[PDB]
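> Got a structure for you, written out below as structure tokens; questions coming shortly.
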Number of protein chains: 2
Amino acid sequence: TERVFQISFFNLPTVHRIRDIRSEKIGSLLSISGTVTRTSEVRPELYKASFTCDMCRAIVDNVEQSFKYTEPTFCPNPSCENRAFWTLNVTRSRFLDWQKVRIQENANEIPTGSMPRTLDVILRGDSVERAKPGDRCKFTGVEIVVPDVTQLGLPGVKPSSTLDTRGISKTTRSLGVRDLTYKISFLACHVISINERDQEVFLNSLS
Amino acid sequence: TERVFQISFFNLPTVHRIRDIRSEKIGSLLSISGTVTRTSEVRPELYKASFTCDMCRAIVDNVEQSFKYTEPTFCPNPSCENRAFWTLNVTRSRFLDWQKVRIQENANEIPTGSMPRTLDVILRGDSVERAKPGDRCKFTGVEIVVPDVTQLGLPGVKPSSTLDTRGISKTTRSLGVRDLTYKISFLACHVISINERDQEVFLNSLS
Ligand SMILES: Nc1ncnc2c1ncn2[C@@H]1O[C@H](COP(=O)(O)OP(=O)(O)OP(O)(O)=S)[C@@H](O)[C@H]1O
Ligand SMILES: Nc1ncnc2c1ncn2[C@@H]1O[C@H](COP(=O)(O)OP(=O)(O)OP(O)(O)=S)[C@@H](O)[C@H]1O
Ligand SMILES: [Zn+2]
Ligand SMILES: [Zn+2]
């Protein structure tokens, strides 16, 4: 259909630690480093979903799934005028390769008395399986946020969202309340570590 | 789309009276005669209906309506597998011209002491408006039967139909009972009587 392109930035001026990750840098390019502990099996991630409407059994395709399962809003046929009822058909959909790496802090980066921090890096596209457990790898990519329901019970005023009930024309319970609790994750577009059994291939690629 | 053709038989060897009409001749060509008393306004009759299925909003056309409103049995798309839920869309349908003539017995055909009999003749196609009240017209066409719910309370064993409940695989109320009471009507394909103000047109068509 269409080739998906992966822009892989690298050679950033600075490399950040896991504990240097802060919420100001959400959705920004940056490089981190860490020791890989666990890697997921590459798994298919819904990239361009196809949807079938229950009223109009047409097929709407190329529904871009940015970061989460998102049904469309308008049907292709003008008569249906439906927005909330759709079915995902998996064969007629498109997928990407997704691996979730877990990275601990390097042994030389852990502060005094503190315990190592862990981060969930998301490898996508051709960067999957480029990191294996034990290796110290540096990742370049986006610092993103993912839903974290475990923040319940934590101290503080956890953010929440409510639908705006003005300009709505009541006649004389429509809550729509969600929990805006997130945790910082990483989406890597480039992995480099910081099968050789053949002699000639080893000598060929060497200065 | 397609021209509808009217075969108009005439010049039958014998002409029947209204009281000579018997149930052996149902669905057979024959000629009657009678004095017209009432004629309907020409009305549109559903001839080739178009149906839209609620599941598959496709359009099935050329659904031949023989003598009564008949929905289809199989959808055009193989996936739907629906048979009982359809909607008739009137613009996308086809119609014929229908007039219902009422004809009494001729004054010379009424028996002794009896009262004149009346019959409802159905003119279709190009034969509409060919009979007007007062004229003694002879009709050629089919002796048909139409539902007659007024036969309730009449003496005798009125026929009825029940669904066959054998070979049905019960597991241990599905009545489907209908009234098979009909009355004899007539469907005329040819009308001849048994605007002239201009002199020349009158003399031209004359022996
Ligand atoms: N039920 C299982 N049977 C066998 N091996 C397993 C099983 N669960 C996990 N593993 C092993 O753990 C490795 C990690 O792959 P996954 O279990 O798919 O990923 P994961 O680290 O659990 O990440 P997520 O969060 O579940 S996507 C697998 O490749 C297997 O080697
Ligand atoms: N409500 C009415 N208003 C005016 N004229 C009427 C009315 N009803 C009947 N007529 C007259 O009666 C004539 C017969 O036409 P229809 O009433 O359509 O047919 P009909 O003889 O009642 O047959 P069916 O059985 O109803 S199809 C019309 O052409 C009018 O002249
Ligand atoms: Zn729709
Ligand atoms: Zn259907």
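Residue numbers start at 1 in each chain; chains themselves are named A, B, ... in the order of the structure tokens; ligands are numbered from 1 in the order shown.
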Please run DSSP on the backbone and report, as a ChimeraX atom specification, all residues within chain A that come out as alpha helix (DSSP H).
/A:199-204
> Please identify every residue of chain B that has at least one atom no more than 12 Å from any atom of chain A, counting only C-alpha atoms, and report them as a list in words.
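Written out as asked, the residues are residues 53, 54, 55, 56, 57, 58, 77, 79 and 80 of chain B.
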> With N, CA and C atoms retained, write the just-selected residues as a short mmCIF file (atom, residue, chain, number, x, y, z; two decimals), in the first residue's frame.

```
data_model
loop_
_atom_site.label_atom_id
_atom_site.label_comp_id
_atom_site.auth_asym_id
_atom_site.auth_seq_id
_atom_site.Cartn_x
_atom_site.Cartn_y
_atom_site.Cartn_z
N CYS B 53 -32.77 -3.39 2.15
CA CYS B 53 -32.63 -4.21 3.35
C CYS B 53 -32.01 -3.39 4.47
N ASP B 54 -32.47 -3.64 5.70
CA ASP B 54 -32.07 -2.82 6.83
C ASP B 54 -30.62 -3.15 7.19
N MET B 55 -30.23 -4.43 7.12
CA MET B 55 -28.82 -4.79 7.29
C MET B 55 -27.95 -4.26 6.15
N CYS B 56 -28.14 -4.82 4.96
CA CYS B 56 -27.42 -4.39 3.77
C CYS B 56 -28.24 -3.33 3.06
N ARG B 57 -27.81 -2.08 3.18
CA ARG B 57 -28.52 -0.98 2.53
C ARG B 57 -28.18 -0.95 1.05
N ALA B 58 -28.29 -2.10 0.40
CA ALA B 58 -28.22 -2.18 -1.05
C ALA B 58 -29.63 -1.97 -1.59
N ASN B 77 -26.41 -9.20 -1.50
CA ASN B 77 -25.09 -9.46 -0.91
C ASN B 77 -25.14 -10.78 -0.17
N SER B 79 -23.50 -11.85 2.40
CA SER B 79 -23.16 -11.82 3.82
C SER B 79 -24.39 -11.59 4.70
N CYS B 80 -25.39 -10.85 4.20
CA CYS B 80 -26.48 -10.41 5.06
C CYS B 80 -27.31 -11.58 5.57
#
```
> Taking only stretch 11-207 of chain B into account, list the residues labelled strand (DSSP E) by DSSP (computed from the backbone), as a PyMOL selection string.
chain B and resi 29-39+43-53+59-64+86-88+94-104+118-124+136-147+160-161+178-179+182-193
> Name the residues, by chain letter and number, that sit within 8 Å of ligand 1 using only C-alpha atoms and all ligand atoms, and give them as a list in words.
residues 38, 39, 40, 41, 42, 43, 99, 100, 101 and 102 of chain A
> For residue B:21, work out the shell of residues within 9 Å, counting only C-alpha atoms and skipping chain neighbours fewer than 3 positions away, then give it as a compact mmCIF listing (two decimals) with C-alpha atoms, in the first residue's frame.

```txt
# COMPACT_ATOMS: atom_id res chain seq x y z
CA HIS B 16 -70.86 -15.22 -20.09
CA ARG B 17 -73.32 -13.53 -17.76
CA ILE B 18 -72.47 -12.43 -14.23
CA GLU B 24 -64.22 -23.90 -12.00
CA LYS B 25 -63.01 -21.09 -14.27
CA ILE B 32 -68.36 -11.48 -19.59
CA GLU B 143 -61.51 -14.74 -13.50
CA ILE B 184 -64.54 -13.93 -7.33
```
> Would you pick out the contacts of stretch 159-165 of chain A at 8 Å or less, using only C-alpha atoms, so that residues sharing its chain but fewer than 4 positions from it are not included, and give the list as a ChimeraX atom specification?
/A:175-181
> So that I can check the surroundings of residue B:73, please list as a list in words every protein, DNA and RNA residue that reaches within 12 Å of it, counting only C-alpha atoms and ignoring chain neighbours fewer than 4 positions away.
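In the requested form, the answer reads residues 51, 53, 60, 63, 80, 81, 82, 83, 84, 85 and 86 of chain B.
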> Grab the atom CA of residue B:182 to atom CA of residue B:68 distance for me, in Å with one decimal place.
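Spanning atom CA of residue B:182 to atom CA of residue B:68 is a straight-line distance of 13.9 Å.
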> Give me, please, the distance in Å between atom CA of residue B:131 and atom 3 (N, counted along the ligand's line) of ligand 2, quoted to one decimal.
20.4 Å
> For ligand 2, which residue out of B:150, B:37, B:87, B:174 is the nearest one, using only C-alpha atoms and all ligand atoms?
B:37
> Please list as a PDB file with C-alpha atoms, in the first residue's frame every residue within 6 Å of stretch 134-139 of chain A, counting only C-alpha atoms and excluding residues in the same chain fewer than 6 positions away.

```pdb
ATOM      1  CA  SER A  31      18.892  11.014  24.197  1.00  0.00           C
ATOM      2  CA  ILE A  32      19.081   8.787  27.286  1.00  0.00           C
ATOM      3  CA  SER A  33      21.286   5.870  28.299  1.00  0.00           C
ATOM      4  CA  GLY A  34      20.599   2.758  30.330  1.00  0.00           C
ATOM      5  CA  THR A  35      21.315  -0.915  30.869  1.00  0.00           C
ATOM      6  CA  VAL A  36      18.770  -3.226  29.245  1.00  0.00           C
ATOM      7  CA  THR A  37      17.143  -5.708  31.635  1.00  0.00           C
ATOM      8  CA  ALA A 188      13.066   5.348  20.721  1.00  0.00           C
ATOM      9  CA  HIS A 190      17.401   4.970  17.299  1.00  0.00           C
ATOM     10  CA  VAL A 191      19.297   2.424  19.411  1.00  0.00           C
ATOM     11  CA  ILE A 192      23.076   1.972  19.526  1.00  0.00           C
ATOM     12  CA  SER A 193      25.032  -0.069  22.061  1.00  0.00           C
ATOM     13  CA  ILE A 194      27.809   1.590  24.055  1.00  0.00           C
TER      14      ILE A 194
END
```
> Which of these residues is nearest to ligand 2, using only C-alpha atoms and all ligand atoms: B:44, B:111, B:156, B:167?
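Smallest separation from ligand 2 among the options: B:44.
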> Name the closest residue to ligand 4 among the candidates B:91, B:140, B:52, B:108; distances are taken between atoms, counting only C-alpha atoms and all ligand atoms.
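Among the listed residues, B:52 lies closest to ligand 4.
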> So that I can check the surroundings of residue B:4, please list as a PyMOL selection string every protein, DNA and RNA residue that reaches within 10 Å of it, counting only C-alpha atoms and ignoring chain neighbours fewer than 4 positions away.
chain B and resi 47+96+125
